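S.K.:
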Amino acid sequence: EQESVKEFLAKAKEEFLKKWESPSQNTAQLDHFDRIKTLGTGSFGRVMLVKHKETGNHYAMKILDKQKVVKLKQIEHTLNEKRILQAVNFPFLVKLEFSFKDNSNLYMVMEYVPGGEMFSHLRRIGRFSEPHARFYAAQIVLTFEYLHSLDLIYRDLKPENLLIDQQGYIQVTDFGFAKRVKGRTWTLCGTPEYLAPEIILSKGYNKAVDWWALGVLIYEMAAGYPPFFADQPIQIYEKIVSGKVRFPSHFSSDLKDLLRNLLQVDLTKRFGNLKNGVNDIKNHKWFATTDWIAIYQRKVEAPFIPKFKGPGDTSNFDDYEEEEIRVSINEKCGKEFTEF
Ligand SMILES: N[C@@H]1[C@@H](O)CO[C@@H]1CNC(=O)Nc1ccccc1
Ligand SMILES: N[C@@H]1[C@@H](O)CO[C@@H]1CNC(=O)Nc1ccccc1
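The entry's author numbering applies: residue 11 is where the sequence shown begins, and numbers increase by one.
Shown next, in the form of C-alpha cells:
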C-alpha cells in the first residue's frame, strides 16, 4: 500500500478516536423542526423528512422509541449507532448533524439524501450493468476499508441502506448494527439474504462478514436478485451454508471469479480476510478499470443521476401511514440511555 493511503488511514483513525472518546450530545431539540413526511419505518423507529425552522434546511430525522428499543433488546445497538455516527467522516457515509433525546424518544438528525434507496432504483431498472454495479461496489470497498481500519464492523449491508445522492454517489445509512470490535463478536443480526455462514452458525465472527455481504450485494446488483434466494429464512440459511452459488450466464468470467472469492464459506479463505486484506479485492481483475482515487474524490461521472425537483422532494421515497411523534409527560428509560 502506498504511504499516501497509510497516512490517510492513520489520520482517519486519529480523528475518529478523538470524537469516539468524547461524543457530542444534545445538539438540537424537536421543536426546532417542522415534520414533513415519513421516509421509512421499522419495529422501534422511523425516519422522517424535517425542515429546520430557522435555517430552512432539510434533514432526515431518525426517531427511536426508547421503550420499544428496550423491549426489542436494542439498547446497546442504538448507543453504538449514535456514538459511531457522531465520530465517523467519509464521503460515502450519511452525515449526522444533530442528536438529542426527550422523555420518550432518541433522535439522530442526518443530512437528507433526495435520490432515494438503491433498492428502488434496482427493482425499477431490473439489474445494473457490470460498470454500473462496479461504480457502486467500489464505493462500498473504500467505505469498508475506512470502517474496518477504525475497528468498526457495519453488519447491515443491503440495497435499502444505500442512498443515492444528487451526484449519483452512495451514502450508506443505518448504523443500527455497526459496532467497534477488536477481534470477534457474537450477536445474531442482519437481513437473512445477506448473512454470512458464520453468523448463521452462531460462531464468533469478525469483519469478514462485511466482505461476504459485499459479494451478496454485487451479485444482487448485477443479476437483479440475491444469490441465496428462497421463500423462508430457514431455506435461505440452508443455501448460504451449502457452499454453492449459481451464476447467470450473462455474468463476466471476472465477475464470477470475484464472487467465488467473496462468497467463500470458509472465512479464513475469503477475500478481504487474507494476508493482503482489502488489496486482494482492489487488485482483482473485475476492478481493473476502477480509478480508486477518482472514485474517492467524486471525480467520476456517475452512471445514473436520480430525478428529483429540489432538496425537499420526497418522490423517490414511498408512502407510509403518518403517525404523530408523541412525547410523554414523564421520563422513560432515563438510566438506560444516559450516555446518548
Ligand atoms: N430502517 C430504518 C428505520 O429506522 C426506518 O428507516 C431507517 C432506514 N432509512 C434511512 O436511514 N433513511 C434515510 C433517508 C435519507 C437520509 C438519511 C436516511
Ligand atoms: N450515464 C450517465 C447519465 O447521467 C448520462 O450520461 C452519463 C455518462 N456517464 C456514465 O455513464 N458514467 C459511468 C461511470 C462509471 C461507470 C459507469 C458509467
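Positions of the beta carbon are idealized from the N, C-alpha and C atoms, including for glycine.
Thinking just about the alpha-carbon of each residue, which of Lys-21, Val-60, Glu-334, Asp-220 is nearest to the one in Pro-124?
M.R.: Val-60
S.K.: Extract the residue ranges of the alpha helix (DSSP H) inside the region 139-181, only unbroken runs of 4 or more that lie entirely within it.
M.R.: 140-159
S.K.: Would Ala-223 and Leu-167 be called neighbours here (beta carbons separated by less than 7 angstroms)?
M.R.: yes
S.K.: Between which two residues does the alpha helix (DSSP H) holding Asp-290 run?
M.R.: 289-292
S.K.: Just to be sure I understand the criterion: a residue counts if its Cβ is closer than 5 angstroms to at least one heavy atom of ligand 2. Which residues meet that?
M.R.: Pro-141, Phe-145, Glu-311, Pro-313, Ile-315
S.K.: What does DSSP give as the partner residue(s) for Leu-103 in the beta ladder?
M.R.: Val-182
S.K.: For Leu-172, which of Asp-161, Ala-143, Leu-273, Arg-190 has the nearest alpha-carbon?
M.R.: Nearest option by C-alpha distance: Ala-143.
S.K.: Flag this pair as touching only if the region 152-165 and the region 75-83 have three or more C-beta atom pairs under 8 angstroms; answer yes or no.
M.R.: no
S.K.: Please go through the same chain and pick out, in chain order, the residues whose beta-carbon is closer than 6 angstroms to the beta-carbon of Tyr-164, but skip the five residues on each side of it.
M.R.: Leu-157, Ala-188, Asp-220
S.K.: What residues match up with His-68 in a beta bridge as DSSP calls it?
M.R.: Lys-61
S.K.: Express the C-alpha separation of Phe-43 and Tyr-247 in angstroms, rounding to a whole number.
M.R.: Taking the straight line from one Cα to the other gives about 43 angstroms.
S.K.: Using three-state DSSP, classify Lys-16 as helix, strand or coil.
M.R.: helix
S.K.: Among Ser-53, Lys-21, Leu-152, whose alpha-carbon lies nearest the alpha-carbon of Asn-289?
M.R.: Closest in alpha carbon position to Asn-289, among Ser-53, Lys-21, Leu-152, is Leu-152.
S.K.: How long is the line joining the alpha carbons of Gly-287 and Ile-150, rounded to whole angstroms?
M.R.: 15 angstroms
S.K.: Considering only their Cβ atoms, is the gap separating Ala-70 from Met-120 smaller than 7 angstroms?
M.R.: yes
S.K.: Apply the 10 Å Cβ neighbour rule to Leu-272 and answer buried if 16 or more other Cβ atoms are within range, or exposed otherwise.
M.R.: buried
S.K.: First and last residue of the alpha helix (DSSP H) that includes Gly-225?
M.R.: 218-233
S.K.: If you measure from each residue's Cβ to the nearest non-hydrogen atom of ligand 1, which ones come out under 6 angstroms, in chain order?
M.R.: Taking each Cβ in turn, the ones that pass are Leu-49, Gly-50, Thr-51, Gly-52, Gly-55, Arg-56, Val-57, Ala-70, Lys-72, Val-104, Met-120, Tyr-122, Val-123, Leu-173, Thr-183, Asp-184.
S.K.: Which one of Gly-178, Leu-49, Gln-274 has the shortest CA to CA distance from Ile-315?
M.R.: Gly-178
S.K.: Compute the Euclidean distance between the alpha carbons of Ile-135 and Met-231, then round it to the nearest angstrom.
M.R.: 10 angstroms
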